[PDB]
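One structure is given below, encoded as structure tokens.
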């Protein structure tokens, strides 16, 4: 029984060694994902031309600015609840609507700085930053 148990323990140790070896010798897909990011830049190249051929980004930025202007133009003075509309005159003496307009324009400039280019760049950065080889090495070394 002792010899059989020792044989079983040796077999389990050999299996664990083989499993660690197989884990270590599998890092091909990590390249593929990086390669995926490469093809993304190709789309970016297309992007780098598409606006210059379509001006879609210019139209969308104009649309965002126009929507923000319409939102800023909504006048609460002549709306319902006329007594609450007096609060608007309170805004006249408390620069509240000015703060609202400033926050809306800050949101506008933040969104207009968020385009497809930044999304593609950040996606490529995240794809290339994640390195599964280090994770596999840590998993195979810590576990024993």
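In mature numbering (1 follows the signal peptide of the UniProt record, and there is no 0), the protein residues as written are 2136 to 2279. All C-beta atoms, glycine included, are put in the ideal place defined by N, C-alpha and C.
Span separating the alpha-carbon of residue 2182 from that of residue 2267:
30 Å
Just to confirm, are residue 2172 and residue 2259 a CB contact at a threshold of 7 Å?
Yes, they are a contact pair.
Minimum length 4: unbroken alpha helix (DSSP H) runs contained in the region 2174-2229
Counting only runs of 4 or more, we get 2191-2208 and 2217-2227.
Counting along the chain, where does the alpha helix (DSSP H) carrying residue 2145 start and finish?
2137-2159
Give me the Cα-Cα distance between residue 2222 and residue 2243, rounded to the nearest whole angstrom.
26 Å
What is the residue span of the alpha helix (DSSP H) that residue 2251 lies within?
2251-2264
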